[PDB]
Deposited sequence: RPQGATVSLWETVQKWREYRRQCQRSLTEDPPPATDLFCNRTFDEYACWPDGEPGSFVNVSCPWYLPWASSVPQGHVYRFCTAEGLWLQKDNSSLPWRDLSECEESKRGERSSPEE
């Protein structure tokens, strides 16, 4: 365990997300927008479906949750599901917990 090592792996994960965000081809006209939320990298979402991404590989316990995914939901309006009083969209990260 090392805080510097985890921060560097997080910087690397962020960098790989920024590569995808800029380089992946555009999607239909309606989709939830790809984004990095500081915890996980999200692709463009299909309206009306859950969106899965693997637990982020910089987590120190990533190897204890090798099959874990984290989830968002992309509404039929093409907006990530989000409560009015939350500054972050809805996310289920229970499969990535220590």
The deposited sequence goes unmodelled at 1-6, 34, 106-116
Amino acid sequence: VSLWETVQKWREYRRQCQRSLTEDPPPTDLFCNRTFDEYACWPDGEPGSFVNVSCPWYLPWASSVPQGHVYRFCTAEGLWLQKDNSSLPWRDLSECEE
From here on, numbers count along this sequence of modelled residues.
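Here, rigid core means the biggest group of C-alpha atoms that superpose within 1.5 Å across both forms.
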Between 44-52 and 28-36, which one strays more from this form in 9 other deposited structures of this protein if you match the rigid core and compare Cα atoms? 28-36
Stretch 14-22 versus stretch 76-84: after rigid core alignment, which one is farther off in C-alpha RMS in 9 other deposited structures of this protein? 76-84
Would 34-42 or 57-65 have the larger average of its C-alpha temperature factors, as given in the entry? 57-65
Mean Cα B factor from the PDB record: higher for 8-16, or higher for 84-92? 84-92
Using only modelled residues of the chain, where does the Cα B factor of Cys74 rank: lowest third, middle third or highest third? lowest
